[PDB]
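Take a look at the structure below.
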2 protein chains.
Amino acid sequence: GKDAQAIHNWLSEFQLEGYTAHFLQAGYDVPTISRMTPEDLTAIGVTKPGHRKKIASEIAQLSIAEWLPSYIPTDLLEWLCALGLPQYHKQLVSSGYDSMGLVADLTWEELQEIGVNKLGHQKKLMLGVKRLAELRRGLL
Amino acid sequence: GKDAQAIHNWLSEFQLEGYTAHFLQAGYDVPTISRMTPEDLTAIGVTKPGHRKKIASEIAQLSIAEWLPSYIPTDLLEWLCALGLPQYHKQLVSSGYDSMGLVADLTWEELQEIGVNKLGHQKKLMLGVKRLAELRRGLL
């Protein structure tokens, strides 16, 4: 198991790791767990109040989000972080590409005065744009 | 370096790994490399014809795509693979959620006769739907 070893690690930091299989059988992984509620834990069989209280508390301390597991960037900076290019955010913003909907229409010739000059970052970004467009038209 | 060790590994499988820094300085990573052309390799300074011929050939043999690095799913199955839920594709298709644009309007009550019954897979999917909607309205 691959996310099992992520759960088992996190549950071990407070000696509740014998609940690992509870999250597995329910299909959960760590980022989804971070958004459960107490009733969700009850639903998957965490019924002992002493343990459900403690797992809830330990979940609020989980501060790793937000486009995991979905992998849908909602805003521009999230997306440049999916890609490995957050260093370009504020160049894109100074040039008026400050939203997903506007970035989708960015074009190969703007790139030089925005400041994306390494050709690999150039290509990676424009492939992201191209197929971001392909996803908008996907709604009809 | 993290994708450097991915390049250095792949270039080593044909003893050309001393080109690793060429791809780094240009910002490339493996999935972007897989889409380069010969002129792209020239541009980043792979100028010796014997090596550029061989790296090109070795790139066509790279068959790992397609939403990496972009992390924008273009079609429904890609997206259920971003998430860890491809086992549900054909249930979603038998129920008429066979595109991104239609999935974006899937709702919590359909889930039982589609066949998504593990609550963690339920939550993971509906978070993906919710924020997929949030991304469509993002285009105005």
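Numbering starts fresh at 1 for the residues of each chain in the structure tokens, the chains themselves are lettered A, B, ... in the order given, and ligands are numbered from 1 as they appear.
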
Would you tabulate, counting only C-alpha atoms, all residues of chain B that have an atom at most 6 Å from an atom of chain A, showing the closest pair of atoms and their distance in Å to one decimal, sorted by chain then ascending number, as a Markdown table?
```
| residue | atom | partner | partner_atom | distance |
| --- | --- | --- | --- | --- |
| B:26 | CA | A:118 | CA | 5.0 |
| B:27 | CA | A:120 | CA | 4.5 |
| B:28 | CA | A:120 | CA | 4.4 |
| B:69 | CA | A:83 | CA | 5.8 |
| B:70 | CA | A:128 | CA | 4.7 |
| B:74 | CA | A:135 | CA | 5.4 |
| B:83 | CA | A:69 | CA | 5.8 |
| B:101 | CA | A:139 | CA | 4.7 |
| B:118 | CA | A:26 | CA | 5.0 |
| B:119 | CA | A:26 | CA | 5.8 |
| B:120 | CA | A:28 | CA | 4.4 |
| B:121 | CA | A:27 | CA | 5.2 |
| B:128 | CA | A:70 | CA | 4.7 |
| B:135 | CA | A:74 | CA | 5.4 |
| B:138 | CA | A:101 | CA | 5.9 |
| B:139 | CA | A:101 | CA | 4.7 |
```

Take the selection from the previous step and output its residues with N, CA, C and O atoms, as a short mmCIF file (atom, residue, chain, number, x, y, z; two decimals), in the first residue's frame.
```
data_model
loop_
_atom_site.label_atom_id
_atom_site.label_comp_id
_atom_site.auth_asym_id
_atom_site.auth_seq_id
_atom_site.Cartn_x
_atom_site.Cartn_y
_atom_site.Cartn_z
N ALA B 26 17.60 24.58 -19.23
CA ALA B 26 16.50 25.02 -20.07
C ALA B 26 15.14 24.88 -19.39
O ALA B 26 14.11 25.25 -19.99
N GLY B 27 15.09 24.38 -18.15
CA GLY B 27 13.82 24.24 -17.45
C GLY B 27 13.04 22.98 -17.74
O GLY B 27 11.98 22.77 -17.14
N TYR B 28 13.54 22.12 -18.62
CA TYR B 28 12.82 20.90 -18.98
C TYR B 28 12.74 19.92 -17.81
O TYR B 28 13.57 19.92 -16.89
N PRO B 69 3.10 17.48 -17.68
CA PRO B 69 3.13 18.17 -16.38
C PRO B 69 1.90 19.05 -16.09
O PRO B 69 1.75 19.53 -14.94
N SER B 70 1.04 19.25 -17.10
CA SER B 70 0.00 20.27 -17.02
C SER B 70 -0.95 20.05 -15.84
O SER B 70 -1.35 21.00 -15.18
N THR B 74 -8.02 16.55 -19.83
CA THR B 74 -8.85 16.95 -20.96
C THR B 74 -10.10 16.10 -21.09
O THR B 74 -11.16 16.63 -21.43
N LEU B 83 -7.30 11.72 -9.90
CA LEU B 83 -7.88 11.03 -8.76
C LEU B 83 -7.55 9.54 -8.84
O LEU B 83 -7.15 9.02 -9.88
N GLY B 101 -17.73 17.99 -19.15
CA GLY B 101 -18.79 18.98 -19.04
C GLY B 101 -20.05 18.48 -18.36
O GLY B 101 -20.76 19.25 -17.72
N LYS B 118 -18.20 3.27 -1.32
CA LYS B 118 -17.20 3.66 -0.32
C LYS B 118 -17.22 5.17 -0.13
O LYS B 118 -16.95 5.92 -1.07
N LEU B 119 -17.49 5.61 1.11
CA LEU B 119 -17.70 7.04 1.37
C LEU B 119 -16.46 7.88 1.05
O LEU B 119 -16.57 9.07 0.73
N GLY B 120 -15.27 7.30 1.13
CA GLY B 120 -14.08 8.07 0.81
C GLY B 120 -13.97 8.35 -0.68
O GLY B 120 -13.60 9.46 -1.09
N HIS B 121 -14.26 7.34 -1.50
CA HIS B 121 -14.37 7.55 -2.93
C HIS B 121 -15.52 8.50 -3.26
O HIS B 121 -15.36 9.41 -4.08
N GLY B 128 -13.93 16.68 -6.28
CA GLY B 128 -13.43 16.93 -7.62
C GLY B 128 -14.48 17.57 -8.50
O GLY B 128 -14.19 18.47 -9.28
N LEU B 135 -14.25 25.76 -11.54
CA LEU B 135 -13.33 26.15 -12.60
C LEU B 135 -14.06 26.52 -13.88
O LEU B 135 -13.55 27.34 -14.65
N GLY B 138 -15.24 30.02 -13.73
CA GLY B 138 -14.04 30.82 -13.88
C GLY B 138 -13.82 31.34 -15.28
O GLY B 138 -12.94 32.20 -15.49
N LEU B 139 -14.59 30.86 -16.25
CA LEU B 139 -14.55 31.42 -17.59
C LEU B 139 -15.86 32.14 -17.91
O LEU B 139 -16.94 31.54 -17.87
#
```

Superposition of chain A onto chain B by least squares over all sequentially paired C-alpha atoms; the transformed chain is requested as a short mmCIF file (atom, residue, chain, number, x, y, z; two decimals) with N, CA and C atoms, in the first residue's frame.
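Saved as result-v7.cif:
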```
data_model
loop_
_atom_site.label_atom_id
_atom_site.label_comp_id
_atom_site.auth_asym_id
_atom_site.auth_seq_id
_atom_site.Cartn_x
_atom_site.Cartn_y
_atom_site.Cartn_z
N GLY A 1 18.68 17.72 -6.75
CA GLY A 1 17.72 17.77 -7.84
C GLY A 1 16.80 16.56 -7.90
N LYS A 2 15.53 16.79 -8.26
CA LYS A 2 14.48 15.79 -8.15
C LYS A 2 14.04 15.25 -9.50
N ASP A 3 13.75 16.13 -10.46
CA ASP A 3 13.58 15.69 -11.84
C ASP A 3 14.92 15.54 -12.55
N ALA A 4 15.98 16.17 -12.03
CA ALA A 4 17.33 15.91 -12.51
C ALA A 4 17.68 14.43 -12.40
N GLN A 5 17.40 13.82 -11.25
CA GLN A 5 17.65 12.39 -11.13
C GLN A 5 16.73 11.57 -12.03
N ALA A 6 15.65 12.16 -12.57
CA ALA A 6 14.84 11.41 -13.53
C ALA A 6 15.45 11.49 -14.93
N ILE A 7 15.95 12.68 -15.29
CA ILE A 7 16.66 12.87 -16.55
C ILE A 7 17.94 12.05 -16.55
N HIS A 8 18.79 12.27 -15.54
CA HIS A 8 20.06 11.55 -15.42
C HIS A 8 19.88 10.04 -15.49
N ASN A 9 18.76 9.53 -14.98
CA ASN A 9 18.52 8.09 -15.09
C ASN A 9 18.21 7.71 -16.52
N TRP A 10 17.34 8.47 -17.18
CA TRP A 10 16.90 8.11 -18.52
C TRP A 10 18.03 8.29 -19.52
N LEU A 11 18.79 9.39 -19.41
CA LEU A 11 19.94 9.60 -20.28
C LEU A 11 21.02 8.54 -20.06
N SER A 12 21.11 7.98 -18.85
CA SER A 12 22.11 6.96 -18.57
C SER A 12 21.83 5.66 -19.31
N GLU A 13 20.55 5.31 -19.52
CA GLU A 13 20.18 4.11 -20.28
C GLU A 13 20.73 4.10 -21.71
N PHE A 14 21.46 5.15 -22.12
CA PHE A 14 22.19 5.11 -23.39
C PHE A 14 23.43 5.98 -23.32
N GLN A 15 23.95 6.20 -22.11
CA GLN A 15 25.28 6.73 -21.86
C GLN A 15 25.44 8.18 -22.31
N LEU A 16 24.33 8.90 -22.48
CA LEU A 16 24.33 10.31 -22.83
C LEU A 16 24.01 11.22 -21.64
N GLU A 17 24.14 10.70 -20.42
CA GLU A 17 23.72 11.44 -19.23
C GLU A 17 24.57 12.67 -18.95
N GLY A 18 25.68 12.87 -19.63
CA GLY A 18 26.33 14.14 -19.45
C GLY A 18 25.60 15.31 -20.07
N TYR A 19 24.44 15.08 -20.67
CA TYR A 19 23.58 16.14 -21.15
C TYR A 19 22.54 16.56 -20.12
N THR A 20 22.58 15.99 -18.91
CA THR A 20 21.53 16.25 -17.94
C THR A 20 21.36 17.74 -17.70
N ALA A 21 22.46 18.45 -17.44
CA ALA A 21 22.40 19.89 -17.22
C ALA A 21 21.85 20.66 -18.41
N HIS A 22 21.98 20.14 -19.63
CA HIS A 22 21.38 20.86 -20.74
C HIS A 22 19.87 20.99 -20.54
N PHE A 23 19.22 19.90 -20.12
CA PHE A 23 17.78 19.95 -19.94
C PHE A 23 17.43 20.77 -18.69
N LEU A 24 18.26 20.73 -17.65
CA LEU A 24 17.98 21.49 -16.44
C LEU A 24 18.01 22.99 -16.70
N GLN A 25 19.16 23.51 -17.17
CA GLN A 25 19.28 24.93 -17.47
C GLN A 25 18.16 25.43 -18.37
N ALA A 26 17.60 24.58 -19.23
CA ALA A 26 16.50 25.02 -20.07
C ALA A 26 15.13 24.88 -19.39
N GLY A 27 15.09 24.38 -18.15
CA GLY A 27 13.82 24.24 -17.45
C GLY A 27 13.04 22.98 -17.74
N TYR A 28 13.54 22.12 -18.62
CA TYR A 28 12.82 20.90 -18.98
C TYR A 28 12.74 19.92 -17.81
N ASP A 29 11.71 19.09 -17.85
CA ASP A 29 11.60 17.87 -17.08
C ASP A 29 11.19 16.76 -18.05
N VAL A 30 11.16 15.53 -17.54
CA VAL A 30 10.96 14.37 -18.41
C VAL A 30 9.71 14.48 -19.29
N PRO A 31 8.51 14.75 -18.75
CA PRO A 31 7.32 14.78 -19.62
C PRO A 31 7.40 15.86 -20.69
N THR A 32 8.06 16.98 -20.39
CA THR A 32 8.22 18.01 -21.40
C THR A 32 9.23 17.57 -22.45
N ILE A 33 10.28 16.87 -22.02
CA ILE A 33 11.27 16.38 -22.96
C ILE A 33 10.60 15.48 -23.97
N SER A 34 9.72 14.59 -23.50
CA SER A 34 9.02 13.64 -24.36
C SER A 34 8.25 14.31 -25.47
N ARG A 35 8.09 15.62 -25.42
CA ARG A 35 7.41 16.31 -26.49
C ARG A 35 8.31 17.26 -27.26
N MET A 36 9.61 17.31 -26.95
CA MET A 36 10.53 18.13 -27.73
C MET A 36 10.61 17.65 -29.19
N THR A 37 11.16 18.51 -30.03
CA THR A 37 11.51 18.16 -31.39
C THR A 37 13.02 18.27 -31.57
N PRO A 38 13.58 17.81 -32.69
CA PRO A 38 15.01 18.03 -32.94
C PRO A 38 15.45 19.47 -32.82
N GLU A 39 14.67 20.41 -33.37
CA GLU A 39 15.02 21.83 -33.28
C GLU A 39 15.01 22.31 -31.84
N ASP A 40 14.10 21.78 -31.02
CA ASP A 40 14.13 22.10 -29.61
C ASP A 40 15.44 21.65 -28.97
N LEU A 41 15.92 20.46 -29.32
CA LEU A 41 17.19 20.01 -28.76
C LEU A 41 18.33 20.89 -29.23
N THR A 42 18.31 21.30 -30.51
CA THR A 42 19.33 22.22 -30.97
C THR A 42 19.29 23.50 -30.16
N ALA A 43 18.08 24.05 -29.97
CA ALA A 43 17.91 25.31 -29.26
C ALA A 43 18.56 25.30 -27.88
N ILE A 44 18.50 24.17 -27.17
CA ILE A 44 19.02 24.09 -25.81
C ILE A 44 20.49 23.68 -25.83
N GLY A 45 21.09 23.66 -27.03
CA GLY A 45 22.51 23.38 -27.16
C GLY A 45 22.91 21.93 -27.39
N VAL A 46 21.98 21.03 -27.69
CA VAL A 46 22.38 19.70 -28.14
C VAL A 46 22.74 19.79 -29.62
N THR A 47 23.99 20.18 -29.94
CA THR A 47 24.29 20.54 -31.33
C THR A 47 25.03 19.46 -32.09
N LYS A 48 25.73 18.57 -31.41
CA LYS A 48 26.40 17.47 -32.09
C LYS A 48 25.40 16.55 -32.78
N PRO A 49 25.42 16.43 -34.11
CA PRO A 49 24.40 15.61 -34.81
C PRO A 49 24.32 14.17 -34.35
N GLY A 50 25.43 13.55 -33.98
CA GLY A 50 25.36 12.17 -33.53
C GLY A 50 24.54 12.00 -32.26
N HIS A 51 24.63 12.98 -31.35
CA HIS A 51 23.89 12.89 -30.09
C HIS A 51 22.45 13.37 -30.24
N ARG A 52 22.22 14.38 -31.08
CA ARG A 52 20.86 14.88 -31.22
C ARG A 52 19.97 13.86 -31.93
N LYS A 53 20.54 13.18 -32.95
CA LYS A 53 19.87 12.06 -33.60
C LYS A 53 19.49 10.98 -32.58
N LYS A 54 20.40 10.67 -31.67
CA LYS A 54 20.13 9.57 -30.75
C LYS A 54 19.14 9.98 -29.67
N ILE A 55 19.24 11.21 -29.15
CA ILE A 55 18.28 11.64 -28.13
C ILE A 55 16.88 11.74 -28.73
N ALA A 56 16.75 12.29 -29.93
CA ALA A 56 15.45 12.29 -30.60
C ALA A 56 14.85 10.88 -30.67
N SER A 57 15.59 9.94 -31.27
CA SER A 57 15.13 8.55 -31.34
C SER A 57 14.70 8.03 -29.98
N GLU A 58 15.50 8.29 -28.94
CA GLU A 58 15.17 7.79 -27.60
C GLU A 58 13.95 8.49 -27.00
N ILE A 59 13.53 9.62 -27.58
CA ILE A 59 12.39 10.36 -27.06
C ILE A 59 11.10 9.78 -27.59
N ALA A 60 11.09 9.41 -28.88
CA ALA A 60 9.92 8.74 -29.44
C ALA A 60 9.56 7.48 -28.66
N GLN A 61 10.55 6.80 -28.10
CA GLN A 61 10.35 5.64 -27.24
C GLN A 61 9.81 6.01 -25.86
N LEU A 62 9.81 7.29 -25.51
CA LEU A 62 9.18 7.73 -24.27
C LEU A 62 7.67 7.78 -24.46
N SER A 63 6.99 6.82 -23.85
CA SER A 63 5.53 6.72 -23.93
C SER A 63 4.96 6.91 -22.53
N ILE A 64 5.26 8.05 -21.93
CA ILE A 64 4.55 8.44 -20.71
C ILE A 64 4.04 9.87 -20.80
N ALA A 65 2.72 9.99 -20.94
CA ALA A 65 2.04 11.27 -21.14
C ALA A 65 0.87 11.34 -20.14
N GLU A 66 -0.05 12.32 -20.23
CA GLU A 66 -0.30 13.32 -21.27
C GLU A 66 -0.72 14.63 -20.59
N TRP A 67 -1.35 14.45 -19.43
CA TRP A 67 -1.75 15.50 -18.51
C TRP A 67 -0.65 15.86 -17.52
N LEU A 68 0.45 15.12 -17.53
CA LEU A 68 1.71 15.55 -16.94
C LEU A 68 2.51 16.31 -18.00
N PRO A 69 3.10 17.48 -17.68
CA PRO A 69 3.13 18.17 -16.38
C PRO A 69 1.90 19.05 -16.09
N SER A 70 1.04 19.25 -17.10
CA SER A 70 0.00 20.27 -17.02
C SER A 70 -0.95 20.05 -15.84
N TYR A 71 -1.31 18.80 -15.57
CA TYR A 71 -2.31 18.45 -14.56
C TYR A 71 -3.69 19.03 -14.90
N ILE A 72 -3.96 19.26 -16.18
CA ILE A 72 -5.30 19.58 -16.65
C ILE A 72 -5.84 18.34 -17.35
N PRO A 73 -6.78 17.61 -16.75
CA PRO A 73 -7.44 16.52 -17.48
C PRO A 73 -8.27 17.06 -18.62
N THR A 74 -8.02 16.55 -19.83
CA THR A 74 -8.85 16.95 -20.96
C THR A 74 -10.10 16.10 -21.09
N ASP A 75 -10.03 14.80 -20.80
CA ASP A 75 -11.20 13.95 -20.92
C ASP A 75 -11.43 13.21 -19.62
N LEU A 76 -12.62 12.60 -19.53
CA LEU A 76 -13.11 12.09 -18.26
C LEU A 76 -12.21 11.01 -17.68
N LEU A 77 -11.68 10.11 -18.50
CA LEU A 77 -10.91 9.00 -17.92
C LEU A 77 -9.59 9.50 -17.38
N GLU A 78 -8.96 10.45 -18.08
CA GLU A 78 -7.74 11.08 -17.58
C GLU A 78 -7.96 11.57 -16.15
N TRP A 79 -9.07 12.28 -15.95
CA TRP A 79 -9.37 12.91 -14.68
C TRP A 79 -9.60 11.88 -13.58
N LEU A 80 -10.39 10.83 -13.87
CA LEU A 80 -10.54 9.77 -12.87
C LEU A 80 -9.23 9.05 -12.58
N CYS A 81 -8.20 9.27 -13.40
CA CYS A 81 -6.88 8.71 -13.17
C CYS A 81 -5.99 9.67 -12.38
N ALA A 82 -6.15 10.99 -12.57
CA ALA A 82 -5.59 11.96 -11.63
C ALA A 82 -6.00 11.62 -10.20
N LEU A 83 -7.30 11.72 -9.90
CA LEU A 83 -7.88 11.03 -8.76
C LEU A 83 -7.55 9.54 -8.84
N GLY A 84 -7.76 8.82 -7.75
CA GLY A 84 -7.45 7.41 -7.87
C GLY A 84 -8.68 6.58 -8.13
N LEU A 85 -9.47 6.98 -9.12
CA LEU A 85 -10.75 6.28 -9.21
C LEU A 85 -11.11 5.79 -10.61
N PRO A 86 -10.19 5.17 -11.36
CA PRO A 86 -10.57 4.74 -12.71
C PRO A 86 -11.53 3.57 -12.71
N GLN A 87 -11.60 2.80 -11.63
CA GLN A 87 -12.54 1.69 -11.55
C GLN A 87 -13.99 2.14 -11.67
N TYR A 88 -14.27 3.44 -11.65
CA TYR A 88 -15.65 3.89 -11.71
C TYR A 88 -16.02 4.45 -13.08
N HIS A 89 -15.05 4.62 -13.98
CA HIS A 89 -15.31 5.14 -15.31
C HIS A 89 -16.55 4.54 -15.95
N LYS A 90 -16.58 3.23 -16.09
CA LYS A 90 -17.68 2.64 -16.84
C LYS A 90 -18.99 2.64 -16.06
N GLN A 91 -18.96 2.86 -14.76
CA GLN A 91 -20.22 3.09 -14.07
C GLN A 91 -20.73 4.49 -14.36
N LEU A 92 -19.83 5.47 -14.33
CA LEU A 92 -20.18 6.84 -14.70
C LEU A 92 -20.67 6.93 -16.13
N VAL A 93 -20.17 6.06 -17.02
CA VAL A 93 -20.56 6.14 -18.42
C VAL A 93 -21.91 5.49 -18.64
N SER A 94 -22.16 4.37 -18.00
CA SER A 94 -23.48 3.77 -18.08
C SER A 94 -24.57 4.68 -17.50
N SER A 95 -24.22 5.65 -16.66
CA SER A 95 -25.20 6.57 -16.11
C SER A 95 -25.23 7.91 -16.84
N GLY A 96 -24.51 8.03 -17.95
CA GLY A 96 -24.56 9.25 -18.72
C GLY A 96 -23.62 10.36 -18.30
N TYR A 97 -22.70 10.10 -17.38
CA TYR A 97 -21.64 11.06 -17.08
C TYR A 97 -20.40 10.58 -17.82
N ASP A 98 -20.33 10.92 -19.11
CA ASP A 98 -19.26 10.43 -19.96
C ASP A 98 -18.43 11.56 -20.54
N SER A 99 -18.52 12.76 -19.96
CA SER A 99 -17.66 13.85 -20.39
C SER A 99 -17.33 14.73 -19.18
N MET A 100 -16.29 15.57 -19.33
CA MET A 100 -15.98 16.53 -18.28
C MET A 100 -17.17 17.45 -18.06
N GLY A 101 -17.73 17.99 -19.15
CA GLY A 101 -18.79 18.98 -19.04
C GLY A 101 -20.05 18.48 -18.36
N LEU A 102 -20.35 17.18 -18.50
CA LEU A 102 -21.51 16.63 -17.81
C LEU A 102 -21.18 16.23 -16.38
N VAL A 103 -19.98 15.69 -16.14
CA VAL A 103 -19.59 15.31 -14.78
C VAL A 103 -19.67 16.51 -13.84
N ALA A 104 -19.26 17.69 -14.32
CA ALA A 104 -19.32 18.93 -13.54
C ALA A 104 -20.69 19.20 -12.90
N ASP A 105 -21.76 18.51 -13.32
CA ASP A 105 -23.10 18.70 -12.78
C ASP A 105 -23.62 17.45 -12.08
N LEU A 106 -22.75 16.48 -11.84
CA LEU A 106 -23.10 15.30 -11.05
C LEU A 106 -23.37 15.73 -9.61
N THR A 107 -24.23 14.97 -8.93
CA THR A 107 -24.77 15.42 -7.66
C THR A 107 -24.79 14.27 -6.66
N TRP A 108 -24.81 14.64 -5.38
CA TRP A 108 -24.61 13.67 -4.31
C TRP A 108 -25.64 12.54 -4.32
N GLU A 109 -26.81 12.74 -4.90
CA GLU A 109 -27.84 11.72 -4.73
C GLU A 109 -27.77 10.63 -5.79
N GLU A 110 -27.20 10.94 -6.97
CA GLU A 110 -27.03 9.93 -8.01
C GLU A 110 -26.11 8.79 -7.58
N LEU A 111 -25.26 9.03 -6.57
CA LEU A 111 -24.09 8.18 -6.37
C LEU A 111 -24.46 6.73 -6.10
N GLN A 112 -25.61 6.47 -5.46
CA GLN A 112 -25.88 5.10 -5.02
C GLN A 112 -26.16 4.15 -6.19
N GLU A 113 -26.88 4.60 -7.22
CA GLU A 113 -27.15 3.68 -8.32
C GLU A 113 -26.10 3.74 -9.42
N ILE A 114 -25.23 4.76 -9.40
CA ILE A 114 -24.02 4.69 -10.22
C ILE A 114 -23.14 3.56 -9.73
N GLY A 115 -22.98 3.46 -8.42
CA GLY A 115 -22.19 2.43 -7.81
C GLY A 115 -20.96 2.90 -7.05
N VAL A 116 -20.91 4.15 -6.61
CA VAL A 116 -19.82 4.64 -5.78
C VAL A 116 -20.31 4.61 -4.34
N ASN A 117 -19.87 3.61 -3.59
CA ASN A 117 -20.46 3.37 -2.28
C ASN A 117 -19.49 3.49 -1.12
N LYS A 118 -18.20 3.27 -1.32
CA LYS A 118 -17.20 3.66 -0.32
C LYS A 118 -17.21 5.17 -0.13
N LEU A 119 -17.49 5.61 1.11
CA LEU A 119 -17.70 7.04 1.37
C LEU A 119 -16.46 7.88 1.05
N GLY A 120 -15.27 7.30 1.13
CA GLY A 120 -14.08 8.07 0.81
C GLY A 120 -13.96 8.35 -0.68
N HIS A 121 -14.26 7.34 -1.50
CA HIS A 121 -14.37 7.55 -2.94
C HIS A 121 -15.52 8.50 -3.26
N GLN A 122 -16.66 8.35 -2.57
CA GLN A 122 -17.73 9.34 -2.68
C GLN A 122 -17.21 10.76 -2.45
N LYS A 123 -16.60 11.03 -1.29
CA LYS A 123 -16.18 12.40 -0.98
C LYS A 123 -15.12 12.87 -1.96
N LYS A 124 -14.11 12.03 -2.23
CA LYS A 124 -13.04 12.46 -3.12
C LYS A 124 -13.61 12.92 -4.47
N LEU A 125 -14.49 12.10 -5.05
CA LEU A 125 -15.09 12.42 -6.34
C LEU A 125 -15.91 13.72 -6.28
N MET A 126 -16.80 13.85 -5.29
CA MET A 126 -17.62 15.06 -5.24
C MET A 126 -16.82 16.33 -4.96
N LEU A 127 -15.71 16.24 -4.21
CA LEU A 127 -14.81 17.40 -4.13
C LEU A 127 -14.22 17.71 -5.49
N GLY A 128 -13.93 16.68 -6.28
CA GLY A 128 -13.43 16.93 -7.62
C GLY A 128 -14.48 17.57 -8.50
N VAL A 129 -15.74 17.13 -8.36
CA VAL A 129 -16.83 17.73 -9.11
C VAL A 129 -17.01 19.18 -8.70
N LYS A 130 -17.18 19.41 -7.40
CA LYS A 130 -17.43 20.75 -6.87
C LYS A 130 -16.43 21.76 -7.41
N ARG A 131 -15.16 21.42 -7.36
CA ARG A 131 -14.16 22.37 -7.78
C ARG A 131 -13.91 22.32 -9.27
N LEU A 132 -14.47 21.33 -9.96
CA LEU A 132 -14.49 21.38 -11.41
C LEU A 132 -15.52 22.40 -11.87
N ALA A 133 -16.68 22.43 -11.21
CA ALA A 133 -17.65 23.49 -11.44
C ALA A 133 -17.04 24.86 -11.18
N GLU A 134 -16.46 25.04 -9.99
CA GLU A 134 -15.76 26.28 -9.67
C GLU A 134 -14.79 26.70 -10.77
N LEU A 135 -14.25 25.76 -11.54
CA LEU A 135 -13.33 26.15 -12.60
C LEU A 135 -14.05 26.52 -13.88
N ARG A 136 -15.22 25.93 -14.14
CA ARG A 136 -15.91 26.34 -15.36
C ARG A 136 -16.41 27.78 -15.23
N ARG A 137 -17.10 28.11 -14.13
CA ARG A 137 -17.59 29.48 -13.97
C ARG A 137 -16.45 30.47 -14.04
N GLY A 138 -15.24 30.02 -13.73
CA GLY A 138 -14.04 30.82 -13.88
C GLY A 138 -13.82 31.34 -15.28
N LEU A 139 -14.59 30.86 -16.25
CA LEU A 139 -14.55 31.42 -17.59
C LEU A 139 -15.86 32.14 -17.91
N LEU A 140 -15.73 33.43 -18.27
CA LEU A 140 -16.80 34.41 -18.21
C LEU A 140 -16.80 35.26 -19.49
#
```

DSSP helix (DSSP H, G or I) residues within chain A, listed as a VMD selection string: chain A and resid 4 to 12 17 to 25 30 to 33 38 to 43 49 to 60 76 to 82 86 to 94 100 to 103 111 to 114 119 to 137
